[PDB]
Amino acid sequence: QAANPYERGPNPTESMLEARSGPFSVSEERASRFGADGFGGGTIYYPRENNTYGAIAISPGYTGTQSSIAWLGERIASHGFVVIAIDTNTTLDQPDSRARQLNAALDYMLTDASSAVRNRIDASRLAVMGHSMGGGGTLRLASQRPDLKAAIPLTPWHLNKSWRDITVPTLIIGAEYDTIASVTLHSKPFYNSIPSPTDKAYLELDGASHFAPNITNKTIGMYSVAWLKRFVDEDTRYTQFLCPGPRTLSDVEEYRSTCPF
C-alpha cells in the first residue's frame, strides 16, 4: 500500500489528453529494416527522461506502413511510454503474420534496441495495438500472450470472429462508417466474444471512416492513452476518463465497458 511505482506525469485532465502532445519530450530511434529480425523495422518513440516505462508495439494495416500509425506512436510516447511503430515484412501480410511481427517487435525493444531504449523499458509491462489487419494481429497476440497488460485493436479486421480466450484488458475502437472493416462483421463480433471476467471496452467513433486512426484524432489519442495508463501503469488516476466514459449527439456513437474494472 504505497504510491503507485509506475505513475508518471502530472494529474490528468481531458484537455491534457486531447492535446497533440503529452508532457514528456520524446526522442526517436530507428529499428532498421536492415537489422530487425522477424519484422520490417520501424521507429521507436521514447521519453527523453531516464526512468522506466511500459513498452507498446503498434502494427499498421494491409498496404500500410509505420507512417500510417506514427502520429499515434509519437503521441502515446509523449505520455510516458516506449512505443515502436512498425513496418511489416511486406505490406500485404495477413493478421496472424502481423501478430508474430508485433511479438518480434516487443522482443526487439527488449534485446536489440540501443541502451537508451532498453534502459527505459520495464520489460514486465507491455502492450500491443494495431490498425485493421494490425488490430487483428493485436487480438491474436493478446490471445496467445496473457502476460500482456493491454491490447488496443483499432478498426480491426480478422476472419476469426471468436476471441473467447483473451484475458488481456482490451479496448476495441471501431469506426461507425467504416466501409472496409465494418463493425458489423469485425469489431462488434470480436468484442461480443470476449467473456467475463476479462476487462474490455468498445468505443465506436461517431461519423468515422476506416482511416480515422491514420490521422491525428483526439478521441483515439485520449482513450488509447487512458487505457494504457490504467492497465500498463495501473494508474487509477485515469479511471475517471474510462468510467463511466464518453457521453454517447457526440463524437462517440456507442461506448460499452466493464467499468470500473
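Quick note: we count residues from 1 along the sequence shown, nothing fancier.
> Hey, how big is the hole between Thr248 and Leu249 in terms of deposited residues without coordinates: none, 1 to 3, 4 to 9, or 10 or more?
Replying inline: Count of unmodelled residues in between: 1 to 3.
>> If you take the mean CA temperature factor per stretch, which one wins between 77 to 85 and 110 to 118?
In response: Per the deposited B-factors, the answer is 110 to 118.
> 206 to 214 versus 55 to 63: which one carries the higher mean Cα B factor per the record?
Replying inline: Between 55 to 63 and 206 to 214, it is 206 to 214.
> Out of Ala36, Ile44, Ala226, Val232, which residue has the highest Cα temperature factor in the PDB record?
Replying inline: Top of the list by C-alpha B-factor: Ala36.
>> Take the CA temperature factors straight from the PDB entry and tell me which of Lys149, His131, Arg164, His186 peaks.
In response: Highest CA B-factor of the listed options: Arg164.
>> For the chain shown, is the CA B-factor of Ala201 in the lowest, middle or highest third of its modelled residues?
In response: Tercile = lowest for this residue's CA B-factor.
> Of the three thirds of its chain by CA temperature factor, lowest, middle or highest, which one includes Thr239?
Replying inline: Lowest third of the chain for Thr239's C-alpha B-factor.
>> Sorting by Cα B-factor within the chain, modelled residues only, which third would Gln1 end up in: lowest, middle or highest?
In response: Within its chain, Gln1 is a highest-third residue by C-alpha B-factor, going by the deposited values.
> Where does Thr219 sit by CA temperature factor within its chain: lowest, middle or highest third?
Replying inline: Middle third.
>> Test of reading the entry: by CA B factor among the chain's modelled residues, which third contains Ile180?
In response: CA B-factor rank for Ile180: highest third.
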